[PDB]
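Below are two forms of the same protein chain, given as structure tokens: structure 1, then structure 2.
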Structure 1
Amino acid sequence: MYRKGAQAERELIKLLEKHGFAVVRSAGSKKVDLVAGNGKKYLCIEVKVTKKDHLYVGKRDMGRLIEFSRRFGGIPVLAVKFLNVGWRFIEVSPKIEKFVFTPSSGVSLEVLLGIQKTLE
């Protein structure tokens, strides 16, 4: 099994739960890796981890995530752990095509959730 991937996933789940989200892992990553809901927001997440300072995401993978997210009713999210740098989240746009993401390309979990613009 992809051990490094499983380790990153475990870390991410706890982060999500810390923010009040109930998380479910999709068996075999069928359509997506994880689905998380906190009562008002639903996230459909694809998890990636790399030691490189950039990451390429195929058009197919992007399409699978956007498609499932739209049907399910959740925000399509690409969660990447840039080793030696940290987690970066990108709420992917409807555009289904290739794309290269860098740490400067994503936001923190707090911003992804919009904590920075919520009084409480």
Structure 2
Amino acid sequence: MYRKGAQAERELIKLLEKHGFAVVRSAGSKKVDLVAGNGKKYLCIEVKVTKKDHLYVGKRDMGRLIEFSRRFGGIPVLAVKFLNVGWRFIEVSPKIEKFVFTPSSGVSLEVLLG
């Protein structure tokens, strides 16, 4: 186990924990990368990291995130670390046809409050 993006995941887990959330990273790779919760809000996260100012994500992966989050009772979140601007969080919808994003598509960790 341990995806190639394992280091990025660890960093996020720390950020989230730093904000009062309990978090676990998945051992298998057929669900979502992380699942977090603080008693009020519940997050199901897919983690990515890029050097560009835009990123393309496959339907398969995003469809999986949504189906999982829906059944679990958590918000389907794509966390992207743009190696220049910082972490951006995007709540994805099944209405989306092509999953390509820029930072303005998401919000900051804090803003993601609720």
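Take the two forms, superpose them, and find the largest set of C-alpha atoms that agree within 1.5 Å; that set is the rigid core. Reference numbering: structure 1, starting with residue 1.
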item	value
Rigid-core frame, C-alpha of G28, shift of 2 angstroms or more between the two structures	yes
Per-residue C-alpha deviation between the two structures [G39; rigid core superposition; Å]	0.8
For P94, CA displacement between the two structures after the core is overlaid, in Å	3.0
